[PDB]
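Residue numbers (PDB author numbering), protein chains in the order written: chain A, 2 to 387; chain B, 2 to 387; chain C, 2 to 387; chain D, 2 to 387. For every residue, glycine included, the Cβ atom is placed at its ideal position computed from N, Cα and C. Here is the structure we will look at, set down as structure tokens.
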Ligand SMILES: [Co+2]
Ligand SMILES: [Co+2]
Ligand SMILES: [Co+2]
Ligand SMILES: [Co+2]
Ligand SMILES: [Co+2]
Ligand SMILES: [Co+2]
Ligand SMILES: [Co+2]
Ligand SMILES: [Co+2]
């Protein structure tokens, strides 16, 4: 009955179930949650762990003694429940000081502060056991063309991430970074807008091995992109360090619906890929229970995230294991896709008349791909209509 | 009066002005153009050169003697006009054999043929003087999730591009490749859907220095992305080997409107960036005169591409040179964006109380960015309303 | 096992299964189908009927004796199979004469021809038993602002539809019209771009009762709209005269995927609505088997259209009949949504202190909507995970 | 120098320049503005008037004596400046009670309260001289399919608007309503998502003459629609009662950029249409100065709204008055578009061999539309490059 347990490695941000419901046009619909209560409630649902921005766990502007007490209470809740903290991150977007960015703010003093704020929280993350440190530069970007020279901003972004890599190396930490792309919102355009742009940027860092991506379902879908395809490219690059799961209906504001909502077939193909690839990181939900809901609806929405993942996991596994699907995959030449094109080498390909002079293009063209039968088997498996 | 000359380095594909007007829903509205006539007409408008797919210059399936004659006539037209051929490319999308791809077709024999077809045309491109060889993998992708394992497809794509790099190296050619991303159309999703994804892929090739990107205005805009920002990231990476200029109205089918049409302000900021950066490659137009037009309208639309570039060039230069704009840029801290965040180094930043313990976040937050005044100066310059 | 029969009222256009695979970038991948063969193949799959544009059944430019023979053969196929022809339409988009429109072409002679071409085919439609005559004005619109004065074009569009209404009235036909909106493609913007715009236009015709809409799943989704919501508004207006079923992934070119593909949850909610409302018109598929497919894949894709409708029909009925769902609907106040707001009348509402002076806004605000639990029951029913 | 004066009829919402900068992800960046100060500042810029939601002028939950004092101060500011109040509206979206809607909330008590809250503010609007009463049902809609039966919701929406019409009739007010469509945000899908849907709905009200639309540039652009085309359809219907001017870059969250920003060419064609049509209502700006800005930037952004309208007005008038453009319009048959198709009547069209039997489709097809030359004249006029 698709019941999650901590072995399933499902995690949630404090800010997810804790979202009070404020939007562009609306005041809060729910009271604030104490992190202790969210840890307890999430553990009861079968979650494995929780994640946090600095300012979700310790109110911004807290004294040292307040900080210590917030962390102490949180640690007790983790210990009481067995919940883990696999990932943490910095809030470089809410406070007005970050209105033009953190790491790529035009004001240099703000860039330096953003780095100090991040470093302080890396130390805390490591204390709480986090393996991954996410960075979503939601304020990096512009509403107008003159406001932001993007080459200069990328220079600043590289400096910042290189400094953070120097810092973790200096401390001997085993934490790695995961850069989270988003195309827009809250800035008119955000820098590193997709998985591809973030992967490309990482290759230019001083120590690329320390950095990967944290793609989010809805973010790539805000650019109309295929989220499973982007995850495949991240896996191909060896850079899927973390993932954010939720739902989105296309090219809109970021909806943050529960996982499985939004594009259901994309959710199916995502689960199929993560499971086929043996992704071993957390299945993290970055979602918002709609502001229509009370707390009972918050916990129902969170439970639904995990339930939908588990249903889709079952159906994708059944699809791949079905001998009729295995035959359809061969009929569609998925086996041939996985074979090298020219392991014989360049000269042999050049000398191979079957590749040009004697290639019957019409006979090859006439061979159907059989993709529709394959896809209807996939549909039948998803819907439990076999 | 914004008159182009060959010194402006404007180029056009044969398939642009030569588009007969067939669309998803429509038969041709114009007769076919002889490439000789297009070279002559484009030169009269002040173009610098033309580009071609193999199958635009030599009909698919031509004999050797037909090939020779098509090339001879084209060479005569180039010589008669002084037109250049800076770029060429392969058609790996029209023939039905490529219905599932060229380099990433599931059928291995098709992948090998695609490579042979490409190599044949690289030789021709070099003979005609081309410096850049574009690859738009418009058939690489899928309409359904099971049809294409993207990790396997990227393995095949890397093999193909690595073989092409081995080939040009073996021949001692000074041609470089430019990979053209597109998010969708004609496939439901295309592999390497954006500039970022293509840049990331190139970093995993055996000889990355041989490959860059050929971004197209409308392609990035089909994902709702900021084209100037993506061009900035390509320039930051040293990978803007070629560019395709046209117009697009957002998230639709690829419209291929003349340059300056579609998103006019994005066209302004693009020109500003190319000119500020000293981009020295061709300003290539990959556009389609609308099928409403006769040949007179074809040539008017082509002329408009160049005219709009030159108007925007004038206005962007005036913007950057205006001392009132220079003052506004300082007021908005664009100068500070260009300064290193922490050239003092990590330890100095950690020990700098002005960066954390004594940083007045409220005073920094209160300082307006002055971006709206800057942007209205930009608007006034674009519109000739100063 | 979700087997369709003619009682299910599934219909297909000749141009659907008959699509040869030509796209923006690609030549045909399949040979042409004789309409007789498509009628036979569709009947074997359990279809109820077929639909046609004039020029799909009789090649454009046919002589009277060729026309007669094409119709005779088609009629024999219908008689051999028991297939019906519930709908027909005019091709006012393929021939180059329609490059600026049919009914709203700037050239008046083209507008008059479009009307004559339509009237000729209305007569044929009635002979073949069609109840509905669709009009998709795919060429009505513009790529540029000066090319088309939309008020003038709407005047021309109204004249055309009013003339067609006068014609059917004059002949005593019992056929009604169904206007098909689309937002763009092949024109940069199409007139009457959504269900709403078409509904609004109809209200200004001389005999609105003769006209309704023919909404298409993918067309509304090309504007990012909620297709079930638009269908609900059409049903509310009494104007759902016909419907086109297919799949689409968001804001792209019109994909015409098989029904159930694309946005699966939207397909579920659509079926739920059509069945709840007792829609009694044809379930018509306007789709294209992908050009990757051979004929076996064409028929598999067509079969999948019907299969997916029947699966979704079963799941939506089970959802609505489940007493746990019925309780959840009451918990979410769907019953209260269906009750008049103020059947007591305006003055009673004005005098009702419970509506203002004594309304406890905080108590009402605190009551959760319970929509997430309801939606997860819907998900569980769709996936067969109850 | 494009200086606005009150004769230009530019108006602004209190909530525009008064936006404190809170977004999905961000706290306020500016202090609250007293409405008195905004009236004074806007008048100094040359505005004609201001508009308000109830809760922008009188804080929600105010006592009668607080209400009276807020209104008194506002009235004094209007009198001090000569500013008008042409439009008012109700906030049926911020307070948590409206989390599922106002007029279409599932809770009936909320629907009744929404009506009472609206009626109270209609009285105030009339006292302050407003001619138009806007209704933006931003909370009417859903995030999930089961939560909202749209036919039932439209029944509730019609009841509400019919009651409001009964109310204004009963009081003898000369105020009219303007319904503001939006496709999404804050709800996943909003009811009446476009101009077309709102126009269609109005036709089903009890007294349609009392209601029109208040279209917003960015709202229609959030569906990828052509805003000038939608305005043309509203004008064709006689229903453009008010308009909201701003800027938007395509399919995103609602950006609310200053007018002229976003899609500049669409802004040009909009101004051309409003001025050609002789629209005599307010030119109202519903925009948000970006949260990067301080108050000086707020007023610069507001000034830019008006400046851009005036520049575009000049250029559109010059375009239409240019005899070379007038000749190009005739060459493109815009004159013929404006002539009736068949004033000779149906029978004459049926008997006209020039319309079918003797229509030379190839000769008509061959005649180019000359739209690209026309559009480049339009570009040249916009850019001041003639
Ligand atoms: Co998100
Ligand atoms: Co996230
Ligand atoms: Co293109
Ligand atoms: Co291109
Ligand atoms: Co379609
Ligand atoms: Co259709
Ligand atoms: Co807005
Ligand atoms: Co508005």
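{"query": "At a CB-CB cut-off below 8 Å, which residues of chain B make contact with residue 253 of chain D?", "result": "225"}
{"query": "I want to see whether chain C comes within less than 8 Å of residue 117 of chain D, judged by CB atoms only; does it?", "result": "yes"}
{"query": "Nearest to residue 306 of chain B by CA position, among B:318, B:323, B:285, B:321, is which residue?", "result": "B:285"}
{"query": "Just the chain A side, please: which residues come within less than 7 Å of residue 290 of chain C by C-beta, in chain order?", "result": "373"}
{"query": "So which residues touch the region around ligand 6, with touch meaning a C-beta under 5 Å from any heavy atom?", "result": "C:217, C:245, C:287"}
{"query": "In terms of DSSP beta bridges, what is residue 11 of chain C paired with?", "result": "C:284"}
{"query": "Terminal residues of the continuous alpha helix (DSSP H) containing residue 342 of chain B?", "result": "That residue, residue 342 of chain B, is in no alpha helix (DSSP H); it is neither H nor E in DSSP."}
{"query": "Measuring only between beta-carbons, confirm whether residue 181 of chain C sits less than 8 Å from chain B.", "result": "no"}
{"query": "State yes or no: is the C-beta of residue 153 of chain B within less than 8 Å of the C-beta of residue 330 of chain A?", "result": "no"}
{"query": "Return the residue from the list C:26, C:161, C:55, C:366 that minimises the CA-CA distance to residue 1 of chain C.", "result": "No answer is possible for residue 1 of chain C: the residues shown for chain C start at 2 and end at 387."}
{"query": "How many angstroms separate the CA atom of residue 48 of chain B from the CA atom of residue 196 of chain B?", "result": "27 Å"}
{"query": "Does the beta carbon of residue 294 of chain C come closer than 8 Å to any beta carbon on chain A?", "result": "yes"}
{"query": "Closer than 7 Å between beta carbons: that is the criterion. Which residues of the segment 92-107 of chain D meet it against chain A?", "result": "94, 95, 96, 97, 100, 101"}
{"query": "Which class does residue 180 of chain B belong to by DSSP, given the choice of helix, strand or coil?", "result": "strand"}
{"query": "Does residue 283 of chain C have its Cβ less than 8 Å from a Cβ in chain B?", "result": "no"}
{"query": "Taking the alpha-carbon of residue 341 of chain A as reference, which of B:283, B:192, B:159, B:282 has the nearest alpha-carbon?", "result": "B:159"}
{"query": "Mind pulling the chain D residues with CB within less than 8 Å of residue 65 of chain C?", "result": "Under the 8 Å cutoff, chain D gives no residues; its nearest Cβ is about 12 Å from residue 65 of chain C."}
{"query": "Rounded to the nearest angstrom, how far is the Cβ of residue 240 of chain C from that of residue 213 of chain C, given a contact under 8 Å?", "result": "4 Å"}
{"query": "Around the Cβ of residue 132 of chain D, are there at least 16 other Cβ atoms within 10 angstroms (buried) or fewer (exposed)?", "result": "buried"}
{"query": "Would you say residue 187 of chain D reaches chain A, if we count a Cβ-Cβ gap shorter than 8 Å as a contact?", "result": "yes"}
{"query": "Thinking C-alpha only, which one of A:366, A:379, A:372 is nearest residue 97 of chain B?", "result": "A:366"}
{"query": "From the beta carbon of residue 280 of chain B, is the nearest beta carbon of chain D less than 8 Å away?", "result": "no"}
{"query": "Where does residue 214 of chain D sit, in a helix, a strand or coil, going by DSSP?", "result": "strand"}
{"query": "Would you grab the beta carbon distance between residue 188 of chain C and residue 221 of chain C for me? Rounded to a whole angstrom, and I think it's under 8 Å.", "result": "Between residue 221 of chain C and residue 188 of chain C the Cβ distance is about 17 Å, and since that is not below 8 Å, they are no contact."}
{"query": "Can you check the segment 15-50 of chain B for any alpha helix (DSSP H) of at least 4 residues that lies completely inside it and give the ranges in chain order?", "result": "15-18, 36-46"}
{"query": "Kindly indicate if chain A contains any beta-carbon less than 8 Å away from that of residue 380 of chain C.", "result": "yes"}
{"query": "Once you ignore the five residues that flank residue 321 of chain A on each side, which residues in its own chain have a CB closer than 6 Å to its CB?", "result": "none"}
{"query": "Is it a yes or a no for the segment 33-50 of chain A touching the segment 309-320 of chain A, going by three-plus beta-carbon pairs under 8 Å?", "result": "no"}
{"query": "Determine the closest residue to residue 252 of chain C out of A:74, A:301, A:142, A:223, with distance taken between C-alpha atoms.", "result": "A:223"}
{"query": "Quick check: is any heavy atom of ligand 8 less than 7 Å from the C-beta of residue 141 of chain D?", "result": "no"}
{"query": "Quick check: does the Cβ of residue 138 of chain D come within less than 7 Å of any heavy atom belonging to ligand 7?", "result": "no"}
{"query": "So does residue 225 of chain D have its beta carbon nearer than 7 Å to some heavy atom of ligand 5?", "result": "no"}
{"query": "Examine the Cβ distances between the segment 12-27 of chain C and the segment 353-367 of chain B and report whether three or more of them are shorter than 8 Å.", "result": "no"}
{"query": "What does residue 90 of chain A touch in chain D if you count any residue whose Cβ is under 7 Å from its own?", "result": "Within 7 Å Cβ-Cβ: nothing; residue 90 of chain A doesn't reach chain D, min ~13 Å."}
{"query": "Return helix, strand or coil for residue 192 of chain D, following the three-state DSSP convention.", "result": "coil"}
{"query": "Please state the DSSP three-state secondary structure of residue 72 of chain D.", "result": "helix"}
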